[PDB]
Amino acid sequence: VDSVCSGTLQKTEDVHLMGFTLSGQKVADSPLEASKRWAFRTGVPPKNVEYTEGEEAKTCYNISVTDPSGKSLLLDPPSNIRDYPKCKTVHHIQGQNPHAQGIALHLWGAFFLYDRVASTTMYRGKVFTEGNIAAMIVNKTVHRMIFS
Amino acid sequence: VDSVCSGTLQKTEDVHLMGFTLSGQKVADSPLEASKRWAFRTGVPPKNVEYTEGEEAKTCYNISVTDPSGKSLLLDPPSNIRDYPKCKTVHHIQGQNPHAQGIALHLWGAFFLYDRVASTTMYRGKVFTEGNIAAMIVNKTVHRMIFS
Amino acid sequence: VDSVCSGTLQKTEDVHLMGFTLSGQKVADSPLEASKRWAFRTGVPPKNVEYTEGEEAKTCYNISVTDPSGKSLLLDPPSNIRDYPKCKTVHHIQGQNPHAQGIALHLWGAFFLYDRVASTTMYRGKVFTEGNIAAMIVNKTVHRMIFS
Amino acid sequence: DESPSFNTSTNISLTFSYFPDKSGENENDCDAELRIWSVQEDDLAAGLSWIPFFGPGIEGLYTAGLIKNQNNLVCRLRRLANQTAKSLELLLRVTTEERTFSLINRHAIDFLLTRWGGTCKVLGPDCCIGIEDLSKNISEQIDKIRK
Amino acid sequence: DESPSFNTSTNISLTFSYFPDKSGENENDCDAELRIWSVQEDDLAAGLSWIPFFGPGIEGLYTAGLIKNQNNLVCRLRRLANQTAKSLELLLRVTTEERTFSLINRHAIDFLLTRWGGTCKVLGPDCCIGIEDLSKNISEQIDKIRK
Amino acid sequence: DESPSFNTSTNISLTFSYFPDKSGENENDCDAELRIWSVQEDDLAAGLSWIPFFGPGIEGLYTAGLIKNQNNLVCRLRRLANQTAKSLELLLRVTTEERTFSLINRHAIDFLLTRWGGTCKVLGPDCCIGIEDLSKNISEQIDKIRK
Ligand SMILES: *[C@@H]1O[C@H](CO)[C@@H](O[C@@H]2O[C@H](CO)[C@@H](O[C@@H]3O[C@H](CO)[C@@H](O)[C@H](O)[C@@H]3O)[C@H](O)[C@H]2NC(C)=O)[C@H](O)[C@H]1NC(C)=O
Ligand SMILES: *[C@@H]1O[C@H](CO)[C@@H](O[C@@H]2O[C@H](CO)[C@@H](O[C@@H]3O[C@H](CO)[C@@H](O)[C@H](O)[C@@H]3O)[C@H](O)[C@H]2NC(C)=O)[C@H](O)[C@H]1NC(C)=O
Ligand SMILES: *[C@@H]1O[C@H](CO)[C@@H](O[C@@H]2O[C@H](CO)[C@@H](O[C@@H]3O[C@H](CO)[C@@H](O)[C@H](O)[C@@H]3O)[C@H](O)[C@H]2NC(C)=O)[C@H](O)[C@H]1NC(C)=O
Ligand SMILES: *[C@@H]1O[C@H](CO)[C@@H](O[C@@H]2O[C@H](CO)[C@@H](O)[C@H](O)[C@H]2NC(C)=O)[C@H](O)[C@H]1NC(C)=O
Ligand SMILES: *[C@@H]1O[C@H](CO)[C@@H](O[C@@H]2O[C@H](CO)[C@@H](O)[C@H](O)[C@H]2NC(C)=O)[C@H](O)[C@H]1NC(C)=O
Ligand SMILES: *[C@@H]1O[C@H](CO)[C@@H](O[C@@H]2O[C@H](CO)[C@@H](O)[C@H](O)[C@H]2NC(C)=O)[C@H](O)[C@H]1NC(C)=O
Ligand SMILES: *[C@@H]1O[C@H](CO)[C@@H](O[C@@H]2O[C@H](CO)[C@@H](O)[C@H](O)[C@H]2NC(C)=O)[C@H](O)[C@H]1NC(C)=O
Ligand SMILES: *[C@@H]1O[C@H](CO)[C@@H](O[C@@H]2O[C@H](CO)[C@@H](O)[C@H](O)[C@H]2NC(C)=O)[C@H](O)[C@H]1NC(C)=O
Ligand SMILES: *[C@@H]1O[C@H](CO)[C@@H](O[C@@H]2O[C@H](CO)[C@@H](O)[C@H](O)[C@H]2NC(C)=O)[C@H](O)[C@H]1NC(C)=O
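Each chain carries its own residue count, running from 1 in the order of its written sequence; this scheme can depart from the entry numbering, and residues that have no coordinates do not appear. Chain labels run from A onward and ligand labels from 1 onward, assigned in the order the entries are written. A larger assembly contains the chains shown, yet all values here describe just the shown part. Remark: hydrogens and water are excluded; side-chain values derive from all non-hydrogen atoms of the structure.

Per the deposited record, determination of this structure is attributed to X-ray crystallography, with the resolution reported as 3.172 Å.

Per the PDB entry, chain D is named Envelope glycoprotein GP2, and its organism is Marburg marburgvirus. Per the header of the deposited record, the title is "Therapeutic human monoclonal antibody MR191 bound to a marburgvirus glycoprotein".

Looking at the PDB entry, one finds chain A named Envelope glycoprotein and attributed to Marburg marburgvirus.

Here's what the structure looks like:
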């Protein structure tokens with residue numbers, strides 16, 4: 001129904017934020033292609049946001065990037081950053097950048113997805129996949145049937 | 001009254017989360033007994049949750065446990081972890097475990113209680129007591145009479 | 001209108017917390033005067049609170065204070081503490097205290113204002129201004145006209 | 001159902017709306033005495049008490065209270081804590097944030113959601129609305145029809 | 001409008017209230033198959049499962065589900081995520097807290113604000129209130145007037 | 001009472017619902033001029049502005065606004081901040097979390113709690129409900145009784 005009143009939210013638990021991948025959006029995810037969407041920049045503070053469920057990822061990345069001196073250009077992961085839950089193929093990459101400064105920011109405005117945490121930046125050594133999230137109401141009964 | 005509408009919540013301040021001890025639940029709290037409820041494990045991320053008031057504790061523990069090499073098996077306390085407010089008797093314990101790995105998790109699913117913070121794990125060097133918390137509505141007028 | 005129902009809040013975004021300075025409250029802000037309102041103390045845990053908009057500051061301070069041994073008496077700034085957004089004149093001060101202990105607490109109960117964060121204490125090396133905050137409802141339409 | 005409430009009587013008579021009967025619970029496995037602590041929320045008792053600097057500090061921070069087992073409520077409180085645990089652990093499992101968790105704001109929201117997430121059926125169970133003054137006005141209108 | 005809902009039918013028939021038609025969206029730029037993961041919210045399946053210690057741990061932490069493209073909803077879900085992004089980035093710009101953000105509590109509050117921030121005009125658009133039982137009682141009162 | 005609101009007129013006429021008269025407050029201890037800053041919430045002004053990477057950065061992050069003392073509101077705003085302080089410090093005393101605090105979400109919840117925590121008495125003070133269209137429909141029903 002198109003009405004504002006259509007829909008019921010009984011507990012906060014029934015708000016579900018789902019992470020959908022860019023691979024699921026038929027976007028090229030090869031490491032060489034994927035990296036063309038990532039870029040370094042200063043003056044931007046990385047932000048993180050919690051979500052509840054996510055799509056099984058086609059591909060993920062486990063990346064460490066430094067400057068020539070060996071100092072990471074990627075931020076150390078916060079306590080609450082865990083490797084993405086379900087990746088079919090992880091791309092482990094470790095290297096250095098000759099002339100880059102700041103932090104890794106996704107170009108499309110998409111998020112770096114980890115385990116129930118989306119971010120505007122790439123965390124060093126943590127498994128992630130690219131994606132976006134969407135909010136919806138799912139009651140427990142509906143939730144129980146899907147996941148079981 | 002048994003009705004959903006029974007009860008009024010005027011401000012968020014009127015939600016009170018009280019910490020009740022296991023000693024108050026006539027549970028053996030001697031250090032040798034108490035420790036039989038604590039155990040080490042990996043793969044579990046410690047969680048913390050804020051509460052508002054608590055019972056004066058009968059006994060508390062100030063514990064540090066490491067591995068043989070001297071590295072703590074207990075997590076360093078976060079900024080917001082303070083010693084439990086009111087302990088009648090504190091049990092200071094410091095030692096090492098020959099073959100244990102991970103973090104200290106309460107077996108009963110009870111919480112490690114500190115100063116207005118409940119946790120699924122034991123923090124190194126902080127005074128705690130075991131307990132559970134309960135939620136209720138208390139207006140300021142009711143609150144003022146009790147605590148005064 | 002004086003009624004409880006007077007006023008509408010459609011999104012949480014429409015709650016605005018504005019930071020007003022003490023200089024805007026015709027309070028002496030010269031470094032030598034300003035510092036008479038700051039004092040060190042133990043047993044108090046510094047608290048921070050987020051706000052949304054603030055007044056352009058007349059004067060700000062960028063302060064570092066240690067003990068004689070060189071150890072800072074001011075707390076290291078948390079990830080989310082950024083220099084105050086708009087200061088007309090910053091007072092950079094760096095020195096030591098012969099016999100002081102604890103953290104810097106504002107005497108008036110006013111807040112140390114940074115970039116969208118108010119605090120009960122002074123953070124080492126971060127630009128701040130003194131002030132208080134106020135809560136109000138501003139819809140986007142009203143907001144768009146002001147800031148543009 | 002809904003966050004239980006803790007009222008005063010109808011010194012210090014207390015009422016606690018939660019009964020575990022609504023769970024095999026009988027007799028006593030709890031201490032009737034319940035001494036408790038809360039952060040000093042006093043209003044200008046020392047005048048400058050609100051200011052952090054002039055605040056008591058961690059040592060004098062707490063205030064003490066006592067709750068007696070007038071209607072076996074303490075034990076019900078005690079039991080309640082024991083049962084809250086499971087749901088609370090499950091809640092936390094889902095959360096990724098380790099540092100803290102505002103259970104307080106969660107309960108406040110859930111309180112509202114239960115009474116306003118849905119749609120109201122006037123004079124019906126599970127919804128709060130008062131019609132005594134509306135129906136009285138309907139009746140007052142019918143009284144105005146005279147002559 | 002309001003957080004879309006995801007209902008079951010009227011196995012596993014699913015309904016998704018969001019349509020991008022309410023944006024030039026047609027055909028398909030998404031996979032019909034949607035396999036997903038969620039944290040085990042099972043109720044005492046292992047009996048002691050709720051307890052962290054007896055919990056599965058990060059490896060066995062997740063449960064798997066499948067959503068089919070019955071009404072092209074998956075793609076609508078997929079599209080929805082793509083559009084949510086902009087507002088979500090702008091939201092985060094404003095926030096100073098980097099560590100986390102409870103978008104979940106924000107949506108819950110905004111849901112309530114939309115339906116209760118304002119003032120109600122009985123039997124009107126944008127407000128939820130039910131008058132079927134109130135007007136039936138008005139009608140029942142008029143029936144009681146007999147003799 | 002309730003979070004004050006800041007409306008526009010009935011350029012840039014402004015209305016501020018808070019009056020300290022509802023506190024010995026008279027004359028002026030504040031600057032009429034009020035220049036302020038807010039985070040750029042512009043909608044695609046640069047097209048790609050929403051994206052963090054293409055965002056201005058901390059230096060160009062802020063937007064500037066001006067509020068004039070048309071009805072001495074600025075000083076009332078100013079005073080309001082001064083008085084908010086005490087309650088705000090007391091609030092924070094209770095909190096254990098040091099890192100941050102979402103006062104914003106707290107106010108949003110308290111707003112709702114005041115207008116919906118309790119139970120409504122139709123057409124009564126302290127509750128928001130609209131009966132003009134309901135009573136008009138009651139009147140329209142009585143008009144339908146004709147013949
Ligand atoms: C994702 O990639 C990172 C590397 O970029 C992997 O992290 C690596 O994890 C192992 C095990 O924790 C670390 O090995 C140990 O390091 C310590 C020193 O810290 C050393 O004393 C031990 O002997 C051992 O070698 C390794 O250093 C760490 N690397 C970094 C740079 O942090 C991570 O495991 C990958 N994730 C997955 C799912 O494969
Ligand atoms: C709870 O037990 C812990 C020990 O497990 C007690 O912590 C101890 O606190 C004192 C005072 O802060 C520390 O002493 C000082 O340590 C520094 C080095 O960090 C040293 O330079 C000083 O000369 C002095 O000895 C002590 O190290 C610390 N121990 C640990 C392991 O952190 C704590 O005080 C107990 N709580 C209560 C309420 O008694
Ligand atoms: C506010 O005042 C503080 C000082 O109290 C200023 O902080 C200073 O920032 C610069 C640039 O980040 C630091 O310089 C660099 O330090 C590193 C060592 O950390 C050194 O290797 C470099 O060669 C360089 O000198 C400086 O150390 C730092 N000082 C402190 C005490 O943190 C800050 O810039 C002032 N803010 C404004 C807006 O002016
Ligand atoms: C949402 O998905 C669309 C569709 O792919 C993305 O659009 C792409 O945007 C980039 C950057 O502007 C362009 O180079 C591509 O050509 C676009 N693709 C198509 C098919 O037009 C959009 O950027 C995505 N945004 C988010 C937040 O995920
Ligand atoms: C709540 O209290 C009960 C009562 O003590 C606890 O039950 C105990 O559970 C352990 C572990 O399963 C058993 O070994 C004991 O025999 C039980 N005690 C009794 C008297 O039956 C229960 O575990 C507590 N749970 C929490 C969350 O505190
Ligand atoms: C709010 O502003 C008033 C007005 O300046 C402050 O009052 C001052 O308080 C200090 C400390 O008690 C006194 O020494 C001054 O004499 C007071 N000023 C005046 C003009 O009376 C008050 O402290 C401020 N409080 C906050 C929270 O900002
Ligand atoms: C705090 O809650 C108490 C109930 O626990 C309220 O007290 C009763 O309120 C009703 C309705 O106004 C009165 O009929 C009773 O006579 C009150 N009893 C007593 C002993 O006060 C109390 O009003 C609430 N306080 C506030 C400020 O809301
Ligand atoms: C969970 O949500 C579903 C809808 O997705 C609810 O199911 C329907 O509820 C209505 C109203 O009670 C009934 O008329 C339908 O027959 C229900 N259908 C089914 C298949 O159950 C369901 O009631 C909700 N569950 C809870 C516990 O609130
Ligand atoms: C934003 O708030 C303003 C009030 O400050 C609203 O403006 C008035 O709204 C009423 C009711 O719709 C109208 O009768 C007035 O004519 C409006 N005045 C003006 C100057 O617009 C405004 O509608 C609100 N905006 C939104 C999008 O909700």
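So, next bit.
Participant: Please give an account of the overall build of chain A that cites residues and values.
Facilitator: From N to C terminus, chain A includes two helices and ten strands. Helical segments are the DSSP runs of H or I of at least four residues, strand segments are the runs of E of at least two, and each set is numbered from the N terminus. Reading the secondary structure of chain A in the N-to-C direction produces β-α-β-β-β-β-β-β-β-β-β-α. The principal-axis extents of the C-alpha atoms in chain A amount to approximately 55 × 30 × 30 Å. Exposure categories follow from relative accessible area, calculated using a 1.4 Å probe and restricted to protein chains: below 20% of the type maximum is buried, above 50% is exposed, and the middle band is partly exposed. Within chain A, the fraction of its 148 residues that count as buried is 59%. Should any heavy atoms of two residues lie within 4.5 Å, those residues are considered in contact. At a minimum sequence separation of 6, the contacts of chain A that also span at least 24 residues come to 80%. In this description, accessible areas are obtained by the Shrake-Rupley approach with a 1.4 Å probe, and a residue is regarded as covered only by the protein chains that are shown. Just so you have it, chain A exposes about 5900 Å², and 50% of that area is on carbon and sulfur atoms.

Participant: Account for the site of ligand 6, with residues named and values stated.
Facilitator: The cutoff for a nearby residue is simple: one of its non-hydrogen atoms must lie within 4 Å of the molecule or strand. Taken together, the neighbourhood of ligand 6 is formed by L22, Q25, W108 and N132 of chain C, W50 of chain D together with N82 and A85 of chain F. Between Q25 of chain C and ligand 6, the recorded distance is 3.2 Å, taken from a side-chain N or O atom to an oxygen atom. Counting of polar contacts relies on pairs of N or O atoms within 3.5 Å, with two restrictions inside protein: one atom must be capable of donating a hydrogen and the other of accepting it, and residues adjacent in sequence are counted only when both atoms are side-chain atoms. Between ligand 6 and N82 of chain F there is a distance of 2.3 Å, counted from an oxygen atom to a side-chain nitrogen or oxygen. Here ligand 6 loses 50% of its free accessible area of 560 Å² to cover by the protein chains.

Participant: Which residues make up unusual backbone geometry, and what values go with them?
Facilitator: Across the chain, the bulk of peptide bonds are trans and the bulk of non-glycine residues have phi less than zero. Of note in the backbone geometry, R116 of chain A takes a positive phi value of approximately 60° without being a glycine. Within the secondary structure, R116 of chain A is located in the loop between β8 (111-113) and β9 (117-119). Residue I12 of chain F is not a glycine yet carries a positive backbone phi of 60°. The residue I12 of chain F is located in the loop between β1 (6-8) and β2 (14-16) in this model. Classification of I12 of chain F by relative accessible area gives partly exposed; the value is 23%.

Participant: So, the state of the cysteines: which residues are in play, and what are the values?
Facilitator: Residues and elements named next belong to chain B. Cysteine sulfur atoms that pair up within 2.5 Å are treated as a disulfide. Summed over the entire model, instances satisfying the criterion amount to twelve disulfides over all chains. A sulfur-sulfur separation of 2.0 Å characterises the disulfide bridge that pairs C60 with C87. One quick way to see it: the torsion about the S-S bond of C60 and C87 is about -90°, and its sign makes the bridge left-handed. One end of the pair, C60, is in strand β5 (residues 57-66); the other, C87, is in strand β6 (residues 87-96), and 27 residues separate them in sequence. Residue classification places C60 among the buried residues on the basis of a relative accessible area of 0%.

Participant: Give me the lowdown on the interface of chain A and chain E, citing residues and values where you can.
Facilitator: At the junction of the two partners, chain A supplies 52 residues and chain E supplies 59 residues. The quantity reported as buried area is the accessible area (1.4 Å probe) lost by two parts once they are put together, taken as the sum for both. For the pair chain A and chain E, the two sides together bury roughly 5000 Å², of which 62% comes from carbon and sulfur. One speaks of a salt bridge when a side-chain nitrogen belonging to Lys or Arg is within 4 Å of a carboxyl oxygen belonging to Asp or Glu. Counting the contacts that link chain A with chain E gives two salt bridges. In this structure, the salt-bridge partner of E55 of chain A is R78 of chain E, at a minimum N-O distance of 2.9 Å. In this structure, the connection of chain A to chain E is made through 24 residue pairs in polar contact. Counting residues per element, the ones that place at least two in the side of chain A that touches chain E are β1 (15-21), β3 (48-50), β4 (53-55), β10 (127-137) and α2 (140-147) of chain A. No other element matches α2 of chain A, which puts seven residues into the side of chain A that touches chain E. Taken together, the residues that form the side of chain A that touches chain E break down as 25 nonpolar, 14 polar and 13 charged. Strands are treated as partners if at least two bridges between them are detected by DSSP. Note that β4 of chain A and strand β3 (residues 34-39) of chain E share three bridges and pair antiparallel. Bridged to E55 of chain A within β3 of chain E is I36 of chain E. Residues are grouped as follows: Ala, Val, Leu, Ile, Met, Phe, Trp, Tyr, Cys and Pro are nonpolar; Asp, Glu, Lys and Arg are charged; every other residue, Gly included, is polar.

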